[PDB]
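Cβ: placed from backbone, ideal geometry, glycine included. Neighbour counts: every protein chain shown. Values quoted throughout were computed directly from the atomic coordinates according to the rules given, and no laboratory measurement underlies them.
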Amino acid sequence: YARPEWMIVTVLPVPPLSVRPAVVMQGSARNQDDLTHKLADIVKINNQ
Amino acid sequence: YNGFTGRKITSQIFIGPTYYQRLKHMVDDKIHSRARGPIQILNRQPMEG
Amino acid sequence: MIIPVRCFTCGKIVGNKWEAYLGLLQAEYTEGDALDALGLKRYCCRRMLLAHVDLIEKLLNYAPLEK
Amino acid sequence: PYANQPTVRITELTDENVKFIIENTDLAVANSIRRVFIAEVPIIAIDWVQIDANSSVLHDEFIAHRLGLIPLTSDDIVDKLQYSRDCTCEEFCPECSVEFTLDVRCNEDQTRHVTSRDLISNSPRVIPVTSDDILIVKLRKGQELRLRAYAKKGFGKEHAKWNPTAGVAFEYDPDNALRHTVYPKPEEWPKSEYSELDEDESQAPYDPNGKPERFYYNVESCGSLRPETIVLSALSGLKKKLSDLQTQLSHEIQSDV
Amino acid sequence: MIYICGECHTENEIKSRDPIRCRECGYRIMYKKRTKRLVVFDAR
RNA sequence: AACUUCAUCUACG
Ligand SMILES: CO[C@@H]1[C@H](O)[C@H](n2cnc3c(=O)nc(N)[nH]c32)O[C@H]1COP(=O)(O)OP(=O)(O)OP(=O)(O)O
Ligand SMILES: [Zn+2]
Ligand SMILES: [Zn+2]
Ligand SMILES: [Zn+2]
């Protein structure tokens with residue numbers, strides 16, 4: 001159920017959109033959850 | 001004197017002009033009821049307020 | 001804001017008596033003597049004139065929205 | 001097993017007041033006559049208001065409230081007028097209502113006091129007890145009040161605007177002899193106006209066999225109905241309520257049989 | 001519709017998608033003016 | 001057949 005190596009993060013789980021809903025305002029804009037912004041930062045750094 | 005029956009109330013009652021204030025808290029603003037209404041997006045539970 | 005028609009407690013008309021009350025106060029009459037002259041007997045009716053604050057005069061100072 | 005025969009003696013009768021005494025009557029009957037004075041005597045008062053233009057400082061429903069509280073002469077035709085619910089015609093008509101109109105504008109610089117005198121009735125018998133005047137609103141220059149009102153028959157149980165009386169003074173046992181009120185210190189208590197005691201005696205001696213009788217009334221009219229006719233109409237209305245009750249009771253007894 | 005001016009109290013008619021400025025005074029606060037339909041008030 | 005969130009403050013028993 002838990003091997004010590006699995007504690008080190010080699011694959012980051014990205015939660016479903018239900019966990020991080022997109023906050024819609026007037027249809028003019030769609031703010032994104034804090035998790036979405038943090039995941040964007042993680043993806044940017046990973047690509048770099 | 002008792003308003004309903006007209007008989008004198010046995011205990012004499014303290015009456016006088018006192019200044020009273022109507023506070024902003026009114027029942028019509030506070031009465032509320034909920035039955036399968038709107039529901040939040042994240043928790044999918046009934047809303048607040 | 002304006003003198004209520006009818007005393008709350010009993011219902012005697014006190015709305016017609018505010019201007020006469022003010023006139024009698026201008027004459028020399030004390031508040032109690034003016035209230036007696038107007039015919040107000042119960043302290044419920046005397047409370048209506050005695051405690052009344054006439055704000056309609058202050059509100060009439062502002063210019064009307066449509067002239 | 002039968003009703004007692006009451007007696008009335010009128011002490012004072014003025015255009016604003018009736019002071020009378022009812023003897024050989026029950027406390028319940030006396031109190032309910034007083035109660036009918038207050039709540040079950042029909043009168044005429046404004047209950048429908050339509051404000052065409054209100055530029056006064058007071059909002060529309062404030063003006064409507066004040067107009068409703070204004071008394072209206074209801075001496076004779078209140079018995080003739082029908083209730084709006086009873087009247088066959090839709091909304092209101094001359095038989096079920098009386099129309100009033102107010103068209104006041106303050107063209108002059110000086111503040112215009114809109115009074116009950118400015119209310120004009122379509123029927124002469126109902127007038128706003130003008131024959132000072134009740135002040136409806138004060139109008140600054142350039143402010144105008146225009147409205148149409150309908151006055152309907154009703155009694156004070158519906159709304160206090162339909163109260164025909166100001167203060168009903170009801171007293172029994174002026175000197176405490178039935179001990180219906182037990183004074184902790186009898187001497188401190190002021191004597192009643194109807195009291196027959198000497199100044200030394202604070203209370204009359206306890207009457208074990210006594211019953212409340214000889215009730216004293218002072219009925220003050222609001223001006224809509226004469227103080228005499230308030231009392232007469234109250235007695236007649238209570239009698240009519242009892243007769244209606246008896247009719248329904250007889251019908252239901254027949255149904256049970 | 002017709003909007004009464006806030007300051008000079010003169011009715012001016014402003015079309016839709018037009019700047020809210022009263023002619024002859026320039027005040028930028030207008031008021032919609034009372035409705036023609038009439039509401040019944042019970043005096044109660 | 002139908003209107004987001006945060007945050008703050010202010011009140012309520
Ligand atoms: C009697 O106890 C009650 C309850 O415990 C509940 N309550 C109230 N405030 C709070 C709060 O901040 N937090 C929590 N957890 N509970 C709270 O309110 C308490 C009393 O408060 P009070 O002492 O003002 O009641 P008066 O004696 O004043 O009553 P008056 O004569 O005005 O009607
Ligand atoms: Zn009074
Ligand atoms: Zn009719
Ligand atoms: Zn202008």
*asked:* Using +1 at the C-beta of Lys and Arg and -1 at the C-beta of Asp and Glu, which of C:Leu22, D:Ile230, B:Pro46 has the Cα lying farthest in the positive direction of the dipole of the protein assembly as shown?
replied: B:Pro46
*Ranked highest first by the average count of other Cβ atoms within 10 Å around their residues, in what order do D:121-130, B:14-23 fall?*
D:121-130, B:14-23
*asked:* Give me the one-decimal nm value for the distance between modelled label points at A:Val23 and B:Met26, 7 Å along each residue's Cα-to-Cβ direction.
replied: 3.3 nm
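Tell me, B:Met47, A:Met25 in order of fewest to most beta-carbon neighbours within 10 Å?
The most exposed by this proxy come first: A:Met25, B:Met47.
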*How many nm is it between the label spots at D:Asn24 and E:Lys15, if each spot is 7 Å from the Cα in line with the beta carbon?*
9.0 nm
*Could I have the simple spin-label model distance between D:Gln248 and B:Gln40, label points 7 Å from Cα toward Cβ, reported in nm to one decimal?*
5.4 nm
*Summing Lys, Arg as +1 and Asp, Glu as -1, what charge do residues with Cβ under 15 Å from the Cβ of D:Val49 carry, D:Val49 excluded?*
-3
*Max mean-square fluctuation residue, GNM over chain C, Cα-Cα springs under 10 Å, options C:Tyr21, C:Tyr43, C:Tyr29*: C:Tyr43
*Would you mind ranking B:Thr5, A:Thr10 so that the residue whose beta carbon has the fewest other beta carbons within 10 Å leads the list?*
A:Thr10, B:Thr5
_Averaged across C:12-23, how many Cβ atoms of other chains sit within 10 Å of each residue's Cβ atom?_
4
*Efficiency of FRET between D:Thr101 and E:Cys25 - r from beta-carbon atoms, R0 35 angstrom, step 0.05*: 0.50
*Which are the unpartnered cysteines of chain D, meaning those with no other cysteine Cβ under 4.7 Å from their Cβ?*
D:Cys106, D:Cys222
*Among the listed pairs D:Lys157/D:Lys191; B:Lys8/D:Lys161; C:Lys17/D:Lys138; B:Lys24/D:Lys153; C:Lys58/D:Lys157, which are separated by more than 26 Å between their Cα atoms?*
D:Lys157/D:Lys191; B:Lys8/D:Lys161; B:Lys24/D:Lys153; C:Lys58/D:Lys157
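Tell me what chain D gives for mean residue ellipticity at 222 nm when only DSSP H runs of n ≥ 4 count, each as -39,500 (n - 2.57), the sum divided by the residue total, rounded to 500 deg cm²/dmol. Intermediate results must be reported in sequence, preceding the final value.
Working: 4 runs with 57 residues, N = 257.
The helix-only estimate for chain D comes to -7000 deg cm²/dmol at 222 nm.
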*asked:* I want to make sure I understand the PRE zone here: with the label point 7 angstrom from the Cα of D:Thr111 toward its beta carbon, which residues in the stretch C:1-36 have backbone N atoms less than 18 Å away?
replied: C:1-5, C:15-27
*Protection proxy ranking, peptides D:56-65, E:17-26, average beta carbon neighbours within 10 Å, highest first*: D:56-65, E:17-26
*Number of partner chain Cβ atoms within 10 Å, mean per residue of D:53-65*: 4
*Grab the Cα-Cα distance for E:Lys36 and E:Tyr3, subtract it from 0.36 nm times how many residues apart they are, and report the gain in nm with one decimal.*
10.5 nm
